[PDB]
A.B. asks: 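Let me give you the structure first, and then I'll get to my questions.
Each chain gets a letter, A, B and so on, in the order the sequences are listed, and its residues count up from 1. Ligands are counted one by one from 1 in listed order, and the atoms in each one are counted from 1 as well.
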Protein chains: 2
Amino acid sequence: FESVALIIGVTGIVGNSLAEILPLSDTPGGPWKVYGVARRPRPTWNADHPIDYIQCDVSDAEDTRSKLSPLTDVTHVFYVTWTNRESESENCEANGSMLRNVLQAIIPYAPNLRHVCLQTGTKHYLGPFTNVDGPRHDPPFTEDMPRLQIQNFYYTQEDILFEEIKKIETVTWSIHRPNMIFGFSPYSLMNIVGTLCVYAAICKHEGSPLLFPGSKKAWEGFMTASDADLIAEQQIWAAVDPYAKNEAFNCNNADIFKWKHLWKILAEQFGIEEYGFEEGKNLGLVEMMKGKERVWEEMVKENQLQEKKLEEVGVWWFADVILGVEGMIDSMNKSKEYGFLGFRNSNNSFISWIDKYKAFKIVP
Amino acid sequence: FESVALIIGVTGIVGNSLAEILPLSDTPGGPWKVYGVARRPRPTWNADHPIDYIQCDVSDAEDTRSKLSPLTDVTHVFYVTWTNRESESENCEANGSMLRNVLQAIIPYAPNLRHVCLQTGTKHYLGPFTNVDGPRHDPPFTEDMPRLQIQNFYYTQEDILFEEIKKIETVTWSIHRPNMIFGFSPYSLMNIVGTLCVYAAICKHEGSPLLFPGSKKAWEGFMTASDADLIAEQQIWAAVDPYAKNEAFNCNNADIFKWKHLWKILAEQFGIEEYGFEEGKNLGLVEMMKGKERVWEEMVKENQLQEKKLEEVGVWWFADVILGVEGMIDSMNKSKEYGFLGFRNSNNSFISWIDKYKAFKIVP
Ligand SMILES: NC(=O)c1ccc[n+]([C@@H]2O[C@H](COP(=O)([O-])OP(=O)(O)OC[C@H]3O[C@@H](n4cnc5c(N)ncnc54)[C@H](OP(=O)(O)O)[C@@H]3O)[C@@H](O)[C@H]2O)c1
Ligand SMILES: NC(=O)c1ccc[n+]([C@@H]2O[C@H](COP(=O)([O-])OP(=O)(O)OC[C@H]3O[C@@H](n4cnc5c(N)ncnc54)[C@H](OP(=O)(O)O)[C@@H]3O)[C@@H](O)[C@H]2O)c1
Ligand SMILES: [Cl-]
Ligand SMILES: [Cl-]
């Protein structure tokens, strides 16, 4: 092995992309050995990746010392996880400590450690979702925009990363700020493609129209997204190319789309002939999907689906956040200037990830 | 000489870029010999380029036969000109004939002719500026969008391009569709940077505020632009690349901006401390610059500017068209998918072209 990866959050929407991409023969920095961490037992859809899967709760400092410190051959860390707490100060404490626990478990014990990738996101520029009327930057967001003077666990984490890495001489860092992620992970806490697939599958089953749940402004406005494989590609790029060291990078597909346009594609992928925006019917998925447990059960049994629990893959609250906003776009100029020229056509990305939820039998 | 270029419109906003870039030692397809065509005598700001400048009116078939047919070593044509007539039907006749005259003068007499680049633009997707109520495509525009069923001299020109080149099996073509062009050419009929530079220069000289002339929607909206050097780069790419043959491509900087943002930059480059948007003061540059000949004359004498005629470089009508729209953006996915990964950071592009208008003494 040339490099040895430790993925924190390996069943996540990016973690699962990293787990599949890192071991490939043509992957830069390769051949790679991969450790993957998460709490739950390894799910079947994650199981084919040739990694060493380690159950570890990184919020538990004892557990991380016990399970991570023995991984002495680690050369690169990819941190791609979070915990969703009910206040931002708790987010700061809990997510800061998860990252701190990982770093403090591995840095004194992995003498060949070279780099840490930290994934955050566009909330760097916007603040937490609750930041409704406070300060915020004006899109398109750029990495050199200053931090908002509002609490944000991304800032807490960055500070911890900087402080821990400063203590050692042999390690660099990179920060990666994706927008809404297009990817495959039933376990993900924020999953626009998976959740829209569940919604569309239900409409198809019911024979009811694919009605847009969100706002007129999100329907008509411009957005961008971040393909999970593309994110993995940029982290690997930063992990193996010295030119990218100690910098933060946005990471999105580098094109622009409207939900009106992707909606037609969604309907077409599911064979739904009736689709569109209808004001008054757009009530948000939390409300519109209330009471669908019975029909979901019917669909699972009829179609031999693999996740029986609707709320696991039907993550309505996040879809409702996404489909309520417009124009929250980030710039890819710094990435290109640094020589990262990865992109995705968002139409084709969307279609590709839709196919994965069908292929793994999450939806028909 | 590996290739021999014929630029039609060599003092234009893209022509001037092509003339500067083609002869460089590292330019693909090089070393290039370059012919450049325009009606007027070569202006001093065009004079540096090592090209053979030929005066020729390509609306005159006799003139094109007399002046172009002897250029028997031409391998590539770069067509970057137009004529602005009062009705679209006249636009179709006049611009169609200019292109046809060039093709018919060169194709029979240049045995090593290999390729023709035709520049059109985003109006392919929107129709002429007068098409305010007729049908239009929804942004982001893609090259495979079908032609609007409305008259458009771009369609006329494509048809002529296809017909003439069909007759000769050794020649390929490519079509390039820039958005608003950021570039340097005082002579250009449509020139957002040059014109805003003149406006800013006048405000600075007067000591008056840099007030936005256009709509609130344009101020707040997203737009994109096409760097003239980037356009030249794409035309050169298409001229030499085996994957680009017989295709149309959009060509913009690949990022997005808001005029609100560029306006601060414009102010800053001209050292204007008072700038912004004020409703009721946004009356369009045509109205706002009425009667500014006097102050321009003073500025010209004081700073020894090289263009004395205000309306040669203050092209208000086009700036007013531009600053009254938003969201008219084109996709660069096809270009990227074909292997053209050229881009510009539009902030830096804007700044660079502003400097050119200062360097060549067009504005202080
Ligand atoms: N998903 C998006 O659309 C998106 C968009 C922009 C930014 N981001 C940001 O990306 C970063 C990573 O989030 P993500 O979306 O990639 O996460 P994700 O898809 O929800 O995956 C989280 C991973 O981490 C594991 N995990 C959670 N808590 C853990 C713990 N205490 N110990 C060990 N493993 C744990 C999870 O599995 P277990 O539950 O089994 O432990 C899972 O494998 C976050 O900062 C997020 O805000 C995400
Ligand atoms: N400029 C923009 O912002 C923009 C944006 C999108 C698309 N486009 C499109 O780009 C294409 C080319 O336009 P452009 O803007 O690059 O042109 P341009 O900047 O206005 O330059 C026109 C060039 O052609 C010369 N010319 C004009 N008529 C001529 C004639 N009969 N014979 C020989 N030379 C002639 C001009 O010089 P002389 O007058 O001395 O002859 C000049 O060199 C057009 O279809 C345009 O609509 C332009
Ligand atoms: Cl985020
Ligand atoms: Cl145009």
A.B. asks: Can you check whether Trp173(A) and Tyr79(A) have ring centres sitting under 6.0 Å from each other?
C.D. replies: no
A.B. asks: Between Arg344(A) and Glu233(A) (salt bridge meaning N to carboxylate O under 4.0 Å), is one present in this structure?
C.D. replies: yes
A.B. asks: May I ask whether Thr83(B) places a heavy atom under 4.0 Å from ligand 2?
C.D. replies: no
A.B. asks: Between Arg85(A) and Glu93(A), is the closest basic N to carboxylate O distance under 4.0 Å?
C.D. replies: no
A.B. asks: For ligand 2, which is the ligand I care about here, please tell me if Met190(B) has any N or O atom under 3.5 Å from one of the ligand's N or O atoms.
C.D. replies: yes
A.B. asks: Give me the nearest non-hydrogen protein atom to atom 15 (O) of ligand 1 as residue plus atom name, then the distance to 0.1 Å.
C.D. replies: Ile13(A) CG2, 3.7 Å
A.B. asks: With under 30° as parallel and over 60° as perpendicular, where do the rings of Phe129(B) and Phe318(B) fit, or are they tilted in between?
C.D. replies: tilted
A.B. asks: With a cutoff of 4.0 Å, is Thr120(B) in contact with ligand 2, counting heavy atoms of the residue only?
C.D. replies: yes
A.B. asks: Regarding atom 47 (O) of ligand 2: of the candidates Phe184(B), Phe318(B), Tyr154(B), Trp82(B), which has the closest heavy atom?
C.D. replies: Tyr154(B)
A.B. asks: Does any N or O in the side chain of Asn179(B) come within less than 3.5 Å of the main-chain N or O of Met328(B), such that one atom is a donor and the other an acceptor?
C.D. replies: yes
A.B. asks: Quick one, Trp317(B) and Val315(B) - any side-chain contact, counting heavy atoms below 4.5 Å?
C.D. replies: yes
A.B. asks: Which one holds for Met98(A) and ligand 1: side chain close, backbone close, both close, or neither close, with close meaning a heavy atom under 4.0 Å?
C.D. replies: side chain
A.B. asks: I'd like the name of whichever of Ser188(B), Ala94(B), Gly121(B) reaches closest to atom 19 (O) of ligand 2 through any heavy atom.
C.D. replies: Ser188(B)
A.B. asks: OG1/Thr81(A) to CG/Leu189(A) distance, rounded to the nearest 0.5 angstrom?
C.D. replies: 7.5 Å
A.B. asks: Should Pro178(B) be listed as contacting ligand 2, given a heavy-atom distance under 4.0 Å as the test?
C.D. replies: yes
A.B. asks: Quick check on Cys56(B) - does any of its heavy atoms sit under 4.0 Å from an atom of ligand 2?
C.D. replies: yes
A.B. asks: Which option wins on minimum heavy-atom distance to atom 37 (O) of ligand 1: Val10(A), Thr11(A), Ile8(A)?
C.D. replies: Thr11(A)
A.B. asks: Is it the side chain, the backbone, both or neither of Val80(A) that has a heavy atom closer than 4.0 Å to ligand 1?
C.D. replies: backbone
A.B. asks: Need the ligand 1 atom indices (1-based, order shown) with element for anything under 4.0 Å from a heavy-atom of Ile181(A).
C.D. replies: 1 (N), 2 (C), 3 (O), 4 (C), 5 (C), 48 (C)
A.B. asks: Looking only at side chains, do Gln234(B) and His176(B) share a donor and an acceptor under 3.5 Å apart?
C.D. replies: yes
A.B. asks: Using atom types as modelled and distance alone, determine if a side-chain donor or acceptor of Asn91(B) lies under 3.5 Å from a backbone N or O of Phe153(B).
C.D. replies: no
A.B. asks: So, does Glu20(B) use its side chain to make a donor-acceptor pair with the main chain of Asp48(B) at under 3.5 Å?
C.D. replies: no
A.B. asks: So how far is it from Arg39(A) CZ to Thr11(A) OG1, rounded to the nearest 0.5 Å?
C.D. replies: 9.0 Å
A.B. asks: Under 4.0 Å from a heavy atom of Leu189(A): which atoms of ligand 1 are those, numbered in the order shown and with their elements?
C.D. replies: 20 (O)
A.B. asks: What part of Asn95(A), side chain from CB on, backbone N/CA/C/O, both or neither, has a heavy atom under 4.0 Å from ligand 1?
C.D. replies: neither
A.B. asks: For atom 29 (C) of ligand 1, what is the closest protein heavy atom, and at what distance to 0.1 Å?
C.D. replies: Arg39(A) NE, 3.3 Å
A.B. asks: Salt bridge check: are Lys309(A) and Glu307(A) linked by an N-O gap of less than 4.0 Å?
C.D. replies: no
A.B. asks: Over 60° means perpendicular and under 30° means parallel, so tell me whether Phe350(A) and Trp259(A) are parallel, tilted or perpendicular.
C.D. replies: perpendicular
A.B. asks: Would you mind checking which non-hydrogen protein atom is closest to atom 23 (C) of ligand 2, with the distance to 0.1 Å?
C.D. replies: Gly9(B) CA, 3.4 Å
A.B. asks: With respect to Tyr187(B), determine whether any N or O atom, backbone or side chain, lies less than 3.5 Å from an N or O atom of ligand 2.
C.D. replies: no
A.B. asks: Does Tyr79(B) reach ligand 2, in the sense of a heavy atom lying below 4.0 Å from it?
C.D. replies: no
A.B. asks: Regarding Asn16(B) and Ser185(B), do their side chains bring together a donor and an acceptor under 3.5 Å, going by distance alone?
C.D. replies: no
A.B. asks: Let me know which of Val10(A), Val34(A), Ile7(A) forms a side chain to side chain contact (heavy atoms under 4.5 Å, CB included) with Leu18(A).
C.D. replies: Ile7(A)
A.B. asks: Counting from 1, what ligand 1 atoms have a heavy atom of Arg40(A) closer than 4.0 Å?
C.D. replies: 37 (O), 38 (P), 39 (O), 40 (O)
A.B. asks: Within a distance under 4.0 Å of any heavy atom of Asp57(A), pick out the atoms of ligand 1 and give their elements.
C.D. replies: 30 (C), 31 (N), 32 (N)
A.B. asks: For ligand 2, is there an N or O atom under 3.5 Å from any N or O atom of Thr81(B)?
C.D. replies: yes
A.B. asks: If you have a sec, work out which protein heavy atom is nearest atom 10 (O) of ligand 1 and how many Å separate them, to one decimal?
C.D. replies: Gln119(A) NE2, 2.8 Å
A.B. asks: Looking only at the side chains, is there a donor atom on one of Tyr125(A) and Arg177(A) sitting less than 3.5 Å from an acceptor on the other?
C.D. replies: yes
A.B. asks: Evaluating non-hydrogen atoms only, which member of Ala38(A), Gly12(A), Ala228(A), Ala19(A) is closest to atom 21 (O) of ligand 1?
C.D. replies: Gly12(A)
A.B. asks: Where the closest heavy atom to atom 6 (C) of ligand 1 is concerned, which of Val37(A), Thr122(A), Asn179(A) has it?
C.D. replies: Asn179(A)
A.B. asks: Would you check whether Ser185(B) has a nitrogen or oxygen atom less than 3.5 angstrom from a nitrogen or oxygen atom of ligand 2?
C.D. replies: no
A.B. asks: Quick test: of every protein heavy atom, which one is nearest to atom 32 (N) of ligand 1, and how far off is it to 0.1 Å?
C.D. replies: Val58(A) N, 3.0 Å
A.B. asks: Any idea which part of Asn191(B) is under 4.0 Å from ligand 2, heavy-atom wise: side chain, backbone, both or neither?
C.D. replies: neither
